[PDB]
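The next block is my_file.cif, given as mmCIF, C-alpha atoms.
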data_protein
loop_
_atom_site.label_atom_id
_atom_site.label_comp_id
_atom_site.auth_asym_id
_atom_site.auth_seq_id
_atom_site.Cartn_x
_atom_site.Cartn_y
_atom_site.Cartn_z
CA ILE P 1 71.47 119.78 76.41
CA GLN P 2 68.02 121.40 76.30
CA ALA P 3 68.79 122.69 72.80
CA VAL P 4 69.99 119.35 71.40
CA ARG P 5 67.13 117.44 73.05
CA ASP P 6 64.44 119.65 71.46
CA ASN P 7 65.73 119.62 67.85
CA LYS P 8 67.42 123.03 67.89
CA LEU P 9 71.07 122.29 67.04
CA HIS P 10 73.12 119.60 65.28
CA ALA P 11 75.26 117.86 67.91
CA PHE P 12 76.96 118.38 71.28
CA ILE P 13 80.51 117.59 72.42
CA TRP P 14 80.85 116.84 76.14
CA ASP P 15 82.26 114.26 78.54
CA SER P 16 81.83 110.61 77.59
CA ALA P 17 80.13 109.57 80.84
CA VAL P 18 77.75 112.55 80.79
CA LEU P 19 76.69 111.87 77.20
CA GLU P 20 76.32 108.16 77.95
CA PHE P 21 74.06 108.95 80.92
CA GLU P 22 72.02 111.34 78.77
CA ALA P 23 71.65 108.67 76.08
CA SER P 24 70.61 106.06 78.66
CA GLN P 25 68.06 108.46 80.18
CA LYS P 26 66.85 110.34 77.09
CA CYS P 27 65.98 107.88 74.33
CA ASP P 28 65.99 110.56 71.61
CA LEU P 29 69.68 111.36 72.21
CA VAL P 30 71.96 108.64 70.82
CA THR P 31 75.64 109.54 71.07
CA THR P 32 78.26 108.11 68.73
CA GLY P 33 80.57 105.22 69.57
CA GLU P 34 83.86 106.78 68.51
CA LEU P 35 85.64 107.77 71.74
CA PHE P 36 88.78 109.92 71.79
CA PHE P 37 90.90 111.84 74.31
CA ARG P 38 90.99 108.92 76.75
CA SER P 39 92.66 110.56 79.75
CA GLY P 40 91.98 110.38 83.47
CA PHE P 41 90.68 113.76 84.64
CA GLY P 42 92.29 114.52 88.00
CA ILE P 43 91.06 116.61 90.91
CA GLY P 44 92.43 120.14 90.88
CA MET P 45 94.52 120.90 93.97
CA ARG P 46 96.39 123.95 95.22
CA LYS P 47 100.00 124.79 94.39
CA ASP P 48 101.57 124.66 97.88
CA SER P 49 98.95 122.63 99.74
CA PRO P 50 100.45 120.46 102.50
CA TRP P 51 97.99 117.59 101.86
CA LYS P 52 98.51 117.51 98.09
CA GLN P 53 99.63 113.87 98.27
CA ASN P 54 97.36 112.78 101.14
CA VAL P 55 94.11 113.27 99.21
CA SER P 56 95.62 111.57 96.15
CA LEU P 57 96.72 108.58 98.24
CA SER P 58 93.25 108.40 99.81
CA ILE P 59 91.55 108.46 96.39
CA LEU P 60 93.98 105.79 95.17
CA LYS P 61 93.28 103.54 98.15
CA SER P 62 89.53 104.03 97.68
CA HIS P 63 89.77 103.16 93.98
CA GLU P 64 91.91 100.07 94.59
CA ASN P 65 89.08 98.41 96.53
CA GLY P 66 85.64 97.60 95.16
CA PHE P 67 83.78 100.62 96.55
CA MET P 68 84.15 103.50 94.08
CA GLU P 69 83.42 101.18 91.15
CA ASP P 70 80.25 99.90 92.83
CA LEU P 71 79.14 103.45 93.66
CA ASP P 72 79.69 104.51 90.05
CA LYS P 73 77.79 101.48 88.74
CA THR P 74 74.90 102.17 91.13
CA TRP P 75 74.70 105.96 90.61
CA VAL P 76 76.04 106.99 87.19
CA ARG P 77 75.05 103.78 85.37
CA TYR P 78 71.29 104.41 85.26
CA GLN P 79 70.17 101.96 82.57
CA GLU P 80 66.47 101.82 81.72
CA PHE I 1 78.72 110.22 94.02
CA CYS I 2 80.49 113.46 95.00
CA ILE I 3 78.86 113.55 98.45
CA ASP I 4 79.75 109.89 99.01
CA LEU I 5 83.36 110.55 97.99
CA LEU I 6 83.52 113.54 100.35
CA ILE I 7 82.10 111.43 103.19
CA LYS I 8 84.65 108.69 102.54
CA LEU I 9 87.49 111.22 102.47
CA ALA I 10 86.31 112.82 105.72
CA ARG I 11 86.09 109.35 107.27
CA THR I 12 89.60 108.35 106.18
CA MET I 13 91.25 111.69 106.98
CA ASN I 14 90.32 114.25 109.67
CA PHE I 15 89.60 117.32 107.54
CA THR I 16 86.36 119.32 107.55
CA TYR I 17 85.00 119.75 104.03
CA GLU I 18 82.82 122.72 103.06
CA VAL I 19 80.23 122.12 100.34
CA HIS I 20 79.39 125.28 98.39
CA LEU I 21 78.10 126.06 94.91
CA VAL I 22 80.05 128.36 92.60
CA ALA I 23 78.41 131.68 91.79
CA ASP I 24 79.20 131.42 88.07
CA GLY I 25 78.52 128.50 85.73
CA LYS I 26 81.70 128.33 83.65
CA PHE I 27 85.23 127.06 84.22
CA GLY I 28 87.21 129.93 82.73
CA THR I 29 89.82 130.46 80.02
CA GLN I 30 93.50 131.44 80.16
CA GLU I 31 93.03 134.43 77.84
CA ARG I 32 93.76 138.07 78.69
CA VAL I 33 91.16 139.02 81.30
CA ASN I 34 89.80 142.54 81.84
CA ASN I 35 91.17 142.67 85.42
CA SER I 36 94.52 144.50 85.40
CA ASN I 37 95.78 142.28 82.53
CA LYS I 38 96.04 139.03 84.50
CA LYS I 39 96.55 136.17 82.04
CA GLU I 40 94.92 133.55 84.29
CA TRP I 41 91.65 131.66 84.59
CA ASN I 42 88.42 133.63 85.13
CA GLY I 43 86.11 131.40 87.16
CA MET I 44 86.35 128.65 89.76
CA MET I 45 90.03 128.12 88.91
CA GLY I 46 90.60 131.84 89.43
CA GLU I 47 88.78 131.71 92.76
CA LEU I 48 91.07 128.81 93.71
CA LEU I 49 94.10 131.04 93.11
CA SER I 50 92.64 133.95 95.09
CA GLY I 51 91.67 131.89 98.14
CA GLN I 52 87.92 131.40 97.82
CA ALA I 53 88.21 127.75 96.74
CA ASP I 54 90.55 125.16 98.24
CA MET I 55 89.80 121.84 96.49
CA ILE I 56 88.09 121.72 93.08
CA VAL I 57 86.25 118.39 93.20
CA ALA I 58 85.29 118.76 89.53
CA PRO I 59 87.32 116.38 87.32
CA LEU I 60 89.12 119.05 85.31
CA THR I 61 90.94 117.98 82.16
CA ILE I 62 94.65 117.61 82.93
CA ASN I 63 96.96 119.51 80.59
CA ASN I 64 100.21 121.47 80.53
CA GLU I 65 98.38 124.81 80.63
CA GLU N 1 130.10 86.23 82.26
CA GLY N 2 127.49 88.75 81.14
CA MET N 3 127.19 89.56 77.44
CA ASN N 4 126.84 93.36 77.23
CA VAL N 5 125.76 93.34 73.59
CA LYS N 6 124.49 96.63 72.17
CA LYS N 7 121.20 95.44 70.70
CA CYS N 8 118.62 97.95 69.46
CA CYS N 9 114.87 97.57 69.95
CA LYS N 10 111.71 99.40 68.92
CA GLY N 11 108.31 99.62 70.56
CA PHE N 12 106.09 101.72 72.81
CA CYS N 13 108.62 102.52 75.54
CA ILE N 14 111.28 103.16 72.88
CA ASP N 15 109.11 105.82 71.24
CA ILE N 16 108.24 107.23 74.68
CA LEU N 17 111.89 107.68 75.63
CA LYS N 18 112.68 109.04 72.15
CA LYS N 19 110.01 111.75 72.35
CA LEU N 20 111.07 112.47 75.94
CA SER N 21 114.71 112.98 74.93
CA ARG N 22 113.53 115.06 71.96
CA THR N 23 111.23 117.37 73.96
CA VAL N 24 112.85 117.52 77.41
CA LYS N 25 116.34 117.26 75.84
CA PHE N 26 117.99 115.08 78.48
CA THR N 27 120.62 112.34 78.37
CA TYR N 28 119.79 108.81 79.50
CA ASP N 29 121.62 105.51 80.00
CA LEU N 30 119.23 102.76 78.92
CA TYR N 31 120.08 99.15 79.78
CA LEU N 32 118.04 95.94 79.60
CA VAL N 33 119.20 93.65 82.41
CA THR N 34 117.73 90.17 82.93
CA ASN N 35 115.66 90.54 86.11
CA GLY N 36 112.60 88.95 87.69
CA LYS N 37 109.02 90.23 87.66
CA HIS N 38 106.85 92.82 89.39
CA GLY N 39 107.75 92.99 93.07
CA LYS N 40 105.54 93.93 96.02
CA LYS N 41 105.55 93.84 99.82
CA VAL N 42 105.31 90.03 100.05
CA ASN N 43 107.84 89.34 102.83
CA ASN N 44 109.67 92.49 101.64
CA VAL N 45 110.89 90.72 98.49
CA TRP N 46 111.68 93.28 95.78
CA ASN N 47 112.76 91.88 92.41
CA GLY N 48 112.61 92.95 88.78
CA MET N 49 112.43 96.52 87.56
CA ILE N 50 109.89 97.33 90.29
CA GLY N 51 112.39 96.34 92.97
CA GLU N 52 115.02 98.49 91.28
CA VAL N 53 112.80 101.59 91.02
CA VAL N 54 111.57 101.16 94.61
CA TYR N 55 114.93 102.25 96.00
CA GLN N 56 116.19 105.80 95.57
CA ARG N 57 119.04 107.05 93.34
CA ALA N 58 117.15 105.65 90.33
CA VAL N 59 116.14 108.40 87.91
CA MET N 60 113.18 106.81 86.09
CA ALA N 61 112.02 103.81 84.07
CA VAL N 62 110.17 103.64 80.75
CA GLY N 63 108.09 100.74 82.07
CA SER N 64 104.69 102.19 82.97
CA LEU N 65 102.88 99.46 84.92
CA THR N 66 99.50 99.39 86.64
CA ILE N 67 98.87 101.61 89.66
CA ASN N 68 99.03 99.79 93.00
CA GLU N 69 99.34 100.57 96.71
CA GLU N 70 103.01 99.98 97.53
CA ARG N 71 104.19 101.22 94.12
CA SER N 72 102.38 104.50 94.88
CA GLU N 73 103.40 104.82 98.54
CA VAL N 74 107.10 104.17 97.89
CA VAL N 75 107.58 106.26 94.74
CA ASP N 76 105.43 108.94 93.12
CA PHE N 77 104.22 107.92 89.66
CA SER N 78 103.51 110.51 86.98
CA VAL N 79 100.10 111.23 85.45
CA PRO N 80 98.50 108.11 83.90
CA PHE N 81 98.54 108.62 80.13
CA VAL N 82 96.18 105.64 79.64
CA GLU N 83 92.90 104.81 81.36
CA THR N 84 92.84 101.06 80.68
CA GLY N 85 92.08 99.05 83.81
CA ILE N 86 92.01 95.46 84.99
CA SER N 87 89.29 93.40 83.30
CA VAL N 88 88.50 89.83 82.26
CA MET N 89 88.59 88.45 78.70
CA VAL N 90 86.90 85.05 78.54
CA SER N 91 87.96 83.01 75.52
CA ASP N 92 79.48 85.59 76.36
CA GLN N 93 76.81 84.99 79.00
CA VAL N 94 79.12 86.18 81.79
CA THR N 95 78.87 89.75 83.07
CA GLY N 96 82.56 90.27 83.84
CA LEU N 97 83.60 89.86 87.48
CA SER N 98 80.18 90.61 89.03
CA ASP N 99 78.78 87.25 87.88
CA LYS N 100 77.63 84.88 90.62
CA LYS N 101 79.70 82.05 89.08
CA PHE N 102 82.84 83.30 90.86
CA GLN N 103 81.52 83.46 94.43
CA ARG N 104 80.22 79.85 94.28
CA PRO N 105 82.34 77.81 91.85
CA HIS N 106 80.84 74.52 93.08
CA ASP N 107 77.67 74.41 90.98
CA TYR N 108 78.56 76.68 88.04
CA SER N 109 82.01 77.57 86.69
CA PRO N 110 84.01 74.65 88.13
CA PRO N 111 87.56 75.48 89.28
CA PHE N 112 89.76 75.79 86.19
CA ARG N 113 93.06 77.52 85.37
CA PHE N 114 92.21 81.10 86.36
CA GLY N 115 95.60 82.25 87.64
CA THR N 116 97.59 85.18 86.31
CA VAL N 117 101.35 85.64 85.82
CA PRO N 118 103.41 84.85 88.95
CA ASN N 119 104.00 87.84 91.24
CA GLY N 120 101.73 90.27 89.41
CA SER N 121 99.71 93.33 90.38
CA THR N 122 96.45 91.49 89.68
CA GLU N 123 97.35 88.91 92.34
CA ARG N 124 97.85 91.64 94.95
CA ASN N 125 94.65 93.44 93.92
CA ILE N 126 92.62 90.23 94.19
CA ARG N 127 94.20 89.27 97.53
CA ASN N 128 93.20 92.73 98.78
CA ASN N 129 89.69 92.34 97.33
CA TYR N 130 88.82 88.62 97.18
CA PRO N 131 90.86 86.17 99.30
CA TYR N 132 89.18 83.04 97.93
CA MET N 133 89.66 84.16 94.32
CA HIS N 134 93.33 84.81 95.09
CA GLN N 135 93.70 81.34 96.61
CA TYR N 136 92.02 79.84 93.54
CA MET N 137 94.35 81.72 91.17
CA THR N 138 97.33 80.63 93.28
CA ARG N 139 96.37 76.95 93.26
CA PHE N 140 95.63 77.28 89.52
CA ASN N 141 98.60 79.46 88.57
CA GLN N 142 99.38 79.34 84.85
CA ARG N 143 102.60 80.00 82.92
CA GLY N 144 103.88 83.23 81.35
CA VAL N 145 102.16 85.58 78.91
CA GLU N 146 103.26 83.68 75.80
CA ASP N 147 101.96 80.37 77.14
CA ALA N 148 98.73 82.13 78.13
CA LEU N 149 98.35 83.41 74.56
CA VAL N 150 99.06 79.92 73.19
CA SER N 151 96.41 78.46 75.51
CA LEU N 152 93.93 81.16 74.46
CA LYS N 153 94.56 80.40 70.78
CA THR N 154 94.15 76.68 71.55
CA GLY N 155 91.02 76.88 73.71
CA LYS N 156 92.05 75.21 76.96
CA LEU N 157 92.35 78.49 78.89
CA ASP N 158 88.91 79.65 80.04
CA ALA N 159 89.54 83.28 81.03
CA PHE N 160 92.54 85.62 81.17
CA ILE N 161 92.35 88.51 83.65
CA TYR N 162 94.78 91.37 83.00
CA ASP N 163 94.83 95.04 82.05
CA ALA N 164 92.52 96.25 79.30
CA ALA N 165 95.45 97.56 77.24
CA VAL N 166 97.13 94.14 77.24
CA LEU N 167 93.83 92.50 76.28
CA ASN N 168 93.35 94.94 73.39
CA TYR N 169 96.93 94.38 72.22
CA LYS N 170 96.35 90.62 72.29
CA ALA N 171 93.00 90.89 70.47
CA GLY N 172 94.53 93.14 67.80
CA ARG N 173 96.29 90.10 66.30
CA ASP N 174 93.85 87.26 66.95
CA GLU N 175 93.85 84.20 64.69
CA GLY N 176 90.20 84.45 63.70
CA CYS N 177 88.82 86.71 66.49
CA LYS N 178 87.75 83.92 68.83
CA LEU N 179 88.27 85.46 72.27
CA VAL N 180 86.30 88.64 73.01
CA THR N 181 86.70 91.11 75.88
CA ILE N 182 83.55 90.77 78.00
CA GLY N 183 83.30 94.22 79.57
CA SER N 184 85.83 97.02 79.30
CA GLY N 185 88.35 97.85 82.01
CA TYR N 186 86.58 100.73 83.74
CA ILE N 187 84.21 99.03 86.23
CA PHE N 188 86.58 96.65 88.08
CA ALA N 189 89.83 98.49 88.89
CA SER N 190 90.12 101.55 86.59
CA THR N 191 93.90 101.82 86.85
CA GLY N 192 96.48 103.40 84.55
CA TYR N 193 100.10 103.31 83.42
CA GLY N 194 102.35 105.68 85.37
CA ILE N 195 106.05 106.24 84.75
CA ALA N 196 108.14 104.84 87.61
CA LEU N 197 109.81 107.98 88.96
CA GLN N 198 111.85 108.74 92.08
CA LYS N 199 110.34 109.92 95.36
CA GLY N 200 111.01 113.65 95.55
CA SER N 201 112.84 113.97 92.23
CA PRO N 202 113.26 117.27 90.34
CA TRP N 203 112.54 115.48 87.05
CA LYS N 204 109.03 114.52 88.21
CA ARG N 205 107.56 117.91 87.26
CA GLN N 206 109.33 117.84 83.89
CA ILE N 207 108.05 114.34 83.11
CA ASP N 208 104.52 115.32 84.13
CA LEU N 209 104.62 118.43 81.94
CA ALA N 210 105.99 116.41 79.01
CA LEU N 211 103.20 113.83 79.38
CA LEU N 212 100.50 116.51 79.67
CA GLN N 213 101.88 118.18 76.54
CA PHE N 214 102.04 114.89 74.62
CA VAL N 215 98.45 114.00 75.56
CA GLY N 216 97.31 117.63 75.36
CA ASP N 217 98.27 118.73 71.85
CA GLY N 218 95.86 116.73 69.67
CA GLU N 219 97.99 113.67 68.80
CA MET N 220 96.18 111.22 71.10
CA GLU N 221 94.06 109.96 68.20
CA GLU N 222 97.21 109.58 66.10
CA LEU N 223 98.88 107.56 68.86
CA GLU N 224 95.77 105.38 69.23
CA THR N 225 95.65 104.73 65.48
CA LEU N 226 99.39 104.00 65.27
CA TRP N 227 99.84 101.74 68.31
CA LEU N 228 96.42 100.06 68.55
CA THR N 229 95.93 98.29 65.21
CA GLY N 230 92.90 96.18 66.13
CA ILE N 231 91.16 95.12 62.93
CA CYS N 232 88.65 92.69 64.49
#

Translate this file's structure into structure tokens.
Amino acid sequence: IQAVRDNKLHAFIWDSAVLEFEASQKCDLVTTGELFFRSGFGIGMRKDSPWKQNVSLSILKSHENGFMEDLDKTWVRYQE
Amino acid sequence: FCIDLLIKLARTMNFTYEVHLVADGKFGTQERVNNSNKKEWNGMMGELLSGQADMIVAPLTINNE
Amino acid sequence: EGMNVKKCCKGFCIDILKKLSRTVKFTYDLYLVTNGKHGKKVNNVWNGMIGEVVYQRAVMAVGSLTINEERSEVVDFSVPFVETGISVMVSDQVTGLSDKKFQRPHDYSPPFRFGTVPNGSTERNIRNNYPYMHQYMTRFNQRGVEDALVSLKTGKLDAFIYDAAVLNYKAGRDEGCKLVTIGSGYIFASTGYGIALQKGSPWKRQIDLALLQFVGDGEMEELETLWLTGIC
């Protein structure tokens, strides 16, 4: 990020949300609009964990209501 | 947002989360490592297999590997 | 008398089951029976394919619907191959669902036909989130998806709230590109399409691995260009 923001390299491939936040914060960095590899990145869990489904159900219940979306809009979506 | 998610999870469930920063700064690859020829991940995913980590809150890219 | 005609069809689920039978190499018995719609825990009334996949002894179903509460507590869905969520597509000045015109429909945005399909996941999600919006959609319940599309092409339907994938599929063949999706489906629900599997089934791991290989080999862009043909 420090290299691409100071005119050292050509481009940078990273997560869509991270690059969008960098473009909203840093005006010199303007990412492209073509988005690919649209897949929900899950939380890595153990192989034989007893609560493998409990944490997933909790995350699902938290995402069903209007809390995680509001937190994302208020924290990650820093528009200036 | 990660701290808020952890607080919400600890409020819903009854587990005690431990916040710690990884010593390295990379995720790791599944190539042949220089540790007794263990074709696994060398990083936070490898620490998860050993026992250091328990829940990788980072949104890792899901895949068959 | 039930006509058991052997009709062939093509589409998204057809290609999904074809690539599944080609990669996993399993035998299936596909049948299209006339059923109801998406069922939920309303008075424990289970109808349609959802009601069939809720009970055990069912292997799987190509229908990958939106993620919900009961459909995730009863059975264990696979990994969501798509990230399209529930959004609103008004047929310009609105800001999606966070606009103040929905909390107070008396002054602005008078009560119009804002209901979704009968017995849908959006109804349950709204009832869990907004009771008054759910009551409004119930008292202003519209007809099926085809009638909703006809009303959108006519102009009488104000807004149509559904999944972002359905909205993109509808907009891909608009008759002049009149209706526009105000806000993508990642700030309201952020759901996905999961294959209806069986609770504690040995094929769950195989289906998950097949999906992660299909969306982890570099053909996601090809699938997006082939299925989604939105020109406007």

Checklist entry - How would you write, as a PyMOL selection string, the residues chosen by the PyMOL selection byres ((chain N) within 8 of (chain P)) on this structure? => result chain N and resi 68-69+72-73+80-83+125+128-129+187-190+215+220-221

Checklist entry - Residues at most 10 Å from stretch 40-57 of chain I, counting all atoms listed in the file, excluding those fewer than 5 positions away in the same chain, as a ChimeraX atom specification? => result /P:42-47,49,52,55 /I:2,5-6,17-18,20,22-35

Next on the checklist: Could you tell me how far atom CA of residue N:196 sits from atom CA of residue N:65, in Å to one decimal place?
Outcome noted: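 Answer for the atom CA of residue N:65 to atom CA of residue N:196 separation: 8.0 Å.
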
Using only C-alpha atoms, I'd like every residue of chain I that has an atom within 7 Å of chain N; please write them out as an mmCIF file with C-alpha atoms, keeping the file's coordinate frame.
data_model
loop_
_atom_site.group_PDB
_atom_site.id
_atom_site.type_symbol
_atom_site.label_atom_id
_atom_site.label_comp_id
_atom_site.auth_asym_id
_atom_site.auth_seq_id
_atom_site.Cartn_x
_atom_site.Cartn_y
_atom_site.Cartn_z
ATOM 1 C CA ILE I 62 94.650 117.610 82.930
ATOM 2 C CA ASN I 63 96.960 119.510 80.590
ATOM 3 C CA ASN I 64 100.210 121.470 80.530
#

Next on the checklist: Between atom CA of residue N:197 and atom CA of residue P:58, what distance in Å does the model show, to one decimal?
Outcome noted: 19.8 Å
